[PDB]
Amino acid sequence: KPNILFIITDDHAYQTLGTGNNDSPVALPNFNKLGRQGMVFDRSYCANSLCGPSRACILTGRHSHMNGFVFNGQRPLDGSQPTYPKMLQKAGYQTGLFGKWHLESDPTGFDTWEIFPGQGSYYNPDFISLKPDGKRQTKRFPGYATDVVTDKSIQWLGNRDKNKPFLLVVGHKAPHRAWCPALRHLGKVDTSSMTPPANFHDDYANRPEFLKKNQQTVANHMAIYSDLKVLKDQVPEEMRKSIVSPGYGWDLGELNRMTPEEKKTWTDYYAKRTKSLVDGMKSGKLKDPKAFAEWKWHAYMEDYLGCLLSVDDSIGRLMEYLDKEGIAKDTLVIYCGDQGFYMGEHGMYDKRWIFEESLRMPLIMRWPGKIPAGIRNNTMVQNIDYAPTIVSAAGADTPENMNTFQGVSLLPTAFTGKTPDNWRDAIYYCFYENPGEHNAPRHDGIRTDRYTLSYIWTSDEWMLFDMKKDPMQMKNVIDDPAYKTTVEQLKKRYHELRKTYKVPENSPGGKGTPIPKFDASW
């Protein structure tokens, strides 16, 4: 019975996973090692690109409509339903959880837990925990969230009953907005040699009309002072009106959480960027909106990647303990980001879309002896598969537990690095957060090996992208006659998957419908 160390970041883009020569914009040595000692799944996707929905999928091995948590709303997750933590706890595991939970309800199946209230805070984080009395308390811990989460995790591991296999879930806030790096990492990231993606200035042509209404563009939807860290006090009052997108001028909340010592180190560094902005404005260069948008991009890249430096550190402190305790051969290590992120592709940030960047989520596994070390796996895997995989690896895959899952165990492919003969030809995706922050439409679809077919419910628009001929998904080929029969093929496959996954009709629902509520079912 192996231990299970499960590390889950918030908004980690696979473009920056750090496993190889093509996903390392910043060098992440410990990310690369875990790659070298294990398996990366380059074809790893989620079922709903949002933090709360994806966490519920991982937990239940079931799609959003089946597990009930379909968006980041104030409706708590049904913690009474079957979850792999509770399954493992029933198979003798000791269970622990530290950091981002974000499912509202008290975590079930976990002997220990201390989670952030909501998104959490990078600097001087608050934690919530039941007392031995079991009444929720809230305590603040000094330090940087990525460090403190690792601190608590490792401590919990050494205080563990070493005769029971453990489940430890390590949920980081990084790399999540507003992308505040640790003080020791300020300046360590140099983007001035980086070039925005080919479609940074995307005009949205040959894509559904609704995409022009998205509010997750680097150029028009970033808080200049909060996201991009600019200092208002050092910007001429005359200039503030020309640097702030309308409604996007709010302050950086983390500053209120820093101590004076901390607060100064931060402003001391970020006066450079603030000056760099003022220089590009008075010189006129930053007044061309396309230039301003690229400048925005570079700051965004600096701070996002900067955050990954302490994640990388976290990965190192956790992997070191495993080795010094001599249990790496008896520990399944799963790393993932709850879903992916736009690193400027289509001039966008965040997730929520069926487009490849946010439909993917980075997946890495290390099980020495069991999982071929150094393999990149191209099998199509989804976040609804994790729970059946954790349970199998735990010998708790009774027919009872396994039946509650819609995902497929990944051990066969994890053990060989290749696609088994009978593998799914397509996954199903569905996003429900409209109306919602960032104005993503309610939409769903399937992802096949070659294609992406999505129906946008909010705007009543279909879209097909041919990945073999268009991996940047810039030309909607639905309504191209060459793909006529393909659309027919796919549309049937689409409706078949909806029927197999027991998707309700009129879900996720178009503009005339409320965001659906579901009771958990299995």
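Heads up: residue numbers just count along the shown sequence, starting at 1.
- Relative to its counterpart among 250 to 258 and 207 to 215, 250 to 258 has the higher mean temperature factor, C-alpha atoms as listed in the PDB entry.
- Of the two segments, 240 to 248 and 362 to 370, the one listed with the higher mean B-factor is 240 to 248 (C-alpha atoms only).
- In the deposited coordinates, the residue among 224, 348, 277, 336 with the greatest CA B-factor is 277.
- Per the PDB entry, 485 shows the highest C-alpha temperature factor of the residues 64, 44, 485, 49.
- Ranked against the other modelled residues of its chain, the C-alpha B-factor of residue 72 as given in the entry falls in the lowest third.
- Ranked by Cα temperature factor within the chain, residue 286 sits in the highest third according to the deposited record.
- When the modelled residues of the chain are ordered by their C-alpha B factor, residue 95 lands in the middle third.
- Residue 55 sits in the lowest third of its chain by CA B factor, as recorded in the PDB entry.
- Compared with the other modelled residues of the chain, the Cα B-factor recorded for residue 431 ranks in the lowest third.
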